[PDB]
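Worksheet: one structure, shown below.
Atoms within each ligand, like the ligands themselves, are counted from 1 in listed order. In this chain, residues are counted from 1 in sequence order. Keep in mind that the numbers below use all heavy atoms, side chains included, and drop hydrogens, waters and symmetry copies.
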Amino acid sequence: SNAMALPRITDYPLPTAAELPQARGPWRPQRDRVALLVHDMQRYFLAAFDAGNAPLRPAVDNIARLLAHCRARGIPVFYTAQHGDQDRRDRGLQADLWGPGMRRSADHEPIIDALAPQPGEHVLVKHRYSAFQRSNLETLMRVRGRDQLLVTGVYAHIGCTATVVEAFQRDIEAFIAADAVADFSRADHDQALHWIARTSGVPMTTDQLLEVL
Ligand SMILES: [Cl-]
Ligand code: NA
Ligand code: NA
Ligand code: NA
Ligand code: NA
Ligand code: NA
Ligand code: NA
Ligand code: NA
């Protein structure tokens, strides 16, 4: 594999509740206001991790717990997925960092089986780091009365961070599942949660989120 030019991501432990940064914001998530986002959990982006070890194994198990939780409560579920064989003119500047992108292949495009979307769940075409850019995420959420977003997926310091700060700027309170995201390293993972906590959102563990939603 070579997504993000990484043949492999070395194993690292997910942060525990005691290791989370203090959120500057007072926002707390509510079942009737929140929407779940599963950010780019496609075979292409996950190949580099050892799926039997941390962080991916527990992160995938945690997104599966959040999907089951939302499906039992009518909480809207959104996924982002890029399409393969993007034209460089549409892919833009990210191609200068991460190459031409995934191919139109069953080894790249599909959301992994363990997190497969169900009928009635929105799968948005992902064009940029932020799930809101070149999409209708904001209007889909608004007309459903959802003004809170719970972010899960990969990579924490890139698309998850860009999506959180855009949600915040669009008046959508932003939450990130600290152990239902994964990244290039624990250092990148910690950096993402620390920056979100001081500027635009609230990192919480999956166990904490399941208890309050
Ligand atoms: Cl846009
Ligand atoms: Na490999
Ligand atoms: Na609240
Ligand atoms: Na409702
Ligand atoms: Na793998
Ligand atoms: Na691999
Ligand atoms: Na838009
Ligand atoms: Na509860």
Atoms named by residue and atom, protein N, O or S, within reach of the Na ion (ligand 6) (under 3.0 Å): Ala47 O
Residue pairs passing the ring-ring contact (aromatic ring centres under 6.0 Å, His included) test where at least one lies in residues 123-152, sequence neighbours excluded: none
Pair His69-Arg65, side-chain donor/acceptor within less than 3.5 Å: no
CG on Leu149 to NE2 on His39, rounded to 0.5 Å: 10.0 Å
Atoms of protein origin (N, O or S) under 3.0 Å from the Na ion (ligand 3): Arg28 O, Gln30 OE1
Salt bridge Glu138-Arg142, side-chain N to carboxylate O under 4.0 Å: no
Donor-acceptor contacts under 3.5 Å from residues 192-201 side chains, at least two apart:
| from | atom 1 | to | atom 2 | distance (Å) |
| --- | --- | --- | --- | --- |
| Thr199 | OG1 | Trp195 | O | 2.9 |

Short N-O contact, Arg103 and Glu109, less than 4.0 angstrom: no
Exercise: do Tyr79 and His122 side chains pair donor with acceptor under 3.5 Å: no
Full working for side-chain contact (heavy atoms from CB on, under 4.5 Å) between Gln82 and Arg128: CA-CA 9 Å; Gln82 298 188 13; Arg128 296 292 185 269; over 6 Å; no
Heavy-atom closest contact (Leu137 atom, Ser135 atom, distance): N-OG, 3.1 Å
